[PDB]
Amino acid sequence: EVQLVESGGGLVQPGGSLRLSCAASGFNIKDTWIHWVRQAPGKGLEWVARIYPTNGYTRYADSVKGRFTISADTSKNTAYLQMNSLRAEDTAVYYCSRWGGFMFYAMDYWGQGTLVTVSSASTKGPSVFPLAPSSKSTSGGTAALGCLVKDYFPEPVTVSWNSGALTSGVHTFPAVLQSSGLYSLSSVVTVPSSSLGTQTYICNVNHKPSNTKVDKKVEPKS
């Protein structure tokens, strides 16, 4: 039940402003130090800022000085990263973390991260198309089926199957950027050749940046 939860991340235009929130529970931020760390897509970790909420002491990485401000509200148990004058190079997943106990220099608990995408391109939700199984398409002893989640922006999308009931044998591929400047991915699942045309398979797609949710039934074509 120690937990940190980041919010506030998303698509913003270059030069724009965004405020990230890091909501703590199970401990008081007043008792410790809160940090932000970011990670550009496919890159390594980069430390961004830290604060000691009790006295307001802050430090910053040179890459964000004068543009970003770290702050905190102990009454809300929440820390903030106000990001102004945003640039493409600020595109990353932003993680908040803490130190615990009096154990300095060890980030023991982290949030799940929030993606910040800095781009002039606009949000767009996906179209979802079936990758249909067939009894005539068996390999390695099973059938396969899936959903093609096409033409969205920005990242990310999530895909579940049968509302979370179906997890075994699922692969949701990393998105690829098309020449159109839109993302696309497929999520697939292997299943028994016996299950086809009798078991229901539904992919549940959520693209939060566009408030787009789709449940697509995927079945053998007739």
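Quick note: we count residues from 1 along the sequence shown, nothing fancier.
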Comparing average C-alpha B factors as deposited, tell me which of 136 to 144 and 104 to 112 sits higher. 136 to 144
For the stretches 206 to 214 and 17 to 25, which has the higher mean C-alpha B-factor as given in the deposited record? 17 to 25
Note to self: of 181, 42, 156, 174, the C-alpha temperature factor tops out at 42
By the CA temperature factor listed in this entry, which of these ranks top: 160, 63, 186, 190? 63
Where the record places residue 165 (Cα B-factor, split into thirds across the chain): highest
Residue 151: which third of its chain by C-alpha temperature factor? lowest
Where does the C-alpha B-factor of residue 70 rank in its chain, lowest, middle or highest third? middle
By the record's CA B-factor, is residue 196 among the lowest, middle or highest third of residues in the chain? highest
Where does residue 38 sit by CA temperature factor within its chain: lowest, middle or highest third? lowest
